[PDB]
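Worksheet for the structure shown next.
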Amino acid sequence: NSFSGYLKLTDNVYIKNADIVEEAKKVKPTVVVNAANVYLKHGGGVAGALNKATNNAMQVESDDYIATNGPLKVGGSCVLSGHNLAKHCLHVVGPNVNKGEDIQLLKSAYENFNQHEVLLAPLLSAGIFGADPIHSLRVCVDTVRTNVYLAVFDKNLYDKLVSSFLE
Ligand SMILES: CC(C)[C@H](Nc1ncnc2[nH]cnc12)c1ccc2c(c1)S(=O)(=O)CCC2
C-alpha cells in the first residue's frame, strides 16, 4: 500500500491525477476497486483497462463467478482475485444514470468500500455512467469510513474536484 503523490482531502479520503492501472502496478494494493456492471462484462472504460492489464484473466474469472452466482445488483459488489494488480479486486456496481438507474444507489455502491481497511478506487458512476463527478466525490467523502485512495485519470477533472471540495 505504497501510495505516493496523493492529496489528503479528509481524514480517510485521498485523491491523485493518475490512471488506476498504473497506480495498481506501482502500489500492489491489498484491494483495487473495479467500476463494474452487473454481469461483470469488462468491455471498456475503467473495467476494460483493469481487465487488459490482467491479460484477460479477470474476465475469465468473472464469467465463472456469474455462471455460479448470477449477476450483481446495482449498488452491490463481489470480491474476486486481484491477479497481478492487487491481492483482491472489489467489483462494485454504481448506478448508470445514462441508462435510467437511480442516483441514490451511489451511496449503496460506496458503502461496499467499508468492508476493506484500505482501497485504491476510481470515482464511481463518473465518465459514461453519467453521474455528476463532484456529486460522486461528495457521496464518497460522506459514506466511506475506511481509507480510500481515488485515482482520477484526467487532470482537468482532478482540478475541478479539488477546487469544488476546498471551496
Ligand atoms: C472520469 C474518468 C476520468 C475516469 N477514468 C479513469 N479513472 C481512473 N483510471 C482510469 N484508467 C482508465 N480510465 C480511467 C472514470 C471513472 C469512473 C468511471 C469511468 C471513468 S467509465 O467511463 O469507465 C464508466 C465507469 C465509471
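No lab work stands behind these numbers, since they all come straight from the coordinates. All Cβ positions, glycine included, derive from the backbone under ideal geometry; neighbour counts span all protein chains shown.
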Calc'd 3J(HN,Hα), region 144-157, phi into Karplus 6.51 cos²θ - 1.76 cosθ + 1.60 (θ = phi - 60°), Hz, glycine/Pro = x, comes to 7, 10, 8, 8, 10, 10, 8, 9, 10, 8, 5, 5, 5, 6
Roughly how many nanometres apart are two label points built 7 Å out from the Cα toward the Cβ at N156 and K73?
3.8 nm
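Using a 10 Å cut-off on Cβ atoms, rank the peptides 99-108, 112-121 from the highest mean neighbour count down.
Ranking, from highest mean packing down: 112-121, 99-108.
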Taking a ≥ b ≥ c as the square roots of the eigenvalues of the Cα gyration tensor of region 41-156, is the shape rounded (a/c under 1.5), prolate (a/b larger than b/c) or oblate?
rounded
Members of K8/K99; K25/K52; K25/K99; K41/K107; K26/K73; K28/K107 lying beyond 24 Å, as alpha-carbon distances in this model show
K8/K99; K25/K99; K26/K73; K28/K107
Report the extension gain between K41 and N147 in nm, rounded to one decimal, defined as 0.36 nm multiplied by the number of residues separating them, less their alpha carbon distance.
35.4 nm
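Is the shape of region 97-167 rounded, prolate or oblate, going by the alpha carbon gyration tensor and its root eigenvalues a ≥ b ≥ c, with a/c under 1.5 for rounded and a/b larger than b/c for prolate?
Cα axes put region 97-167 in the oblate bin.
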Dipole magnitude of the chain about its Cα centre, charges +1 at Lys/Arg Cβ and -1 at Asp/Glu Cβ only, in debye to the nearest 20?
220 debye
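Under 14 Å from the Cβ of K26, count the other residues' Cβ atoms, weight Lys and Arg +1, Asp and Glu -1, and hand me the total.
That sum, taken over residues with Cβ under 14 Å, equals 0.
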Over the chain, what is the relative contact order in whole percent, taking alpha-carbon pairs under 8 Å and six or more residues apart?
29 percent
Given points 7 Å out from each Cα along the Cα-Cβ axis, report the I128 to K87 separation in nanometres with one decimal.
3.3 nm
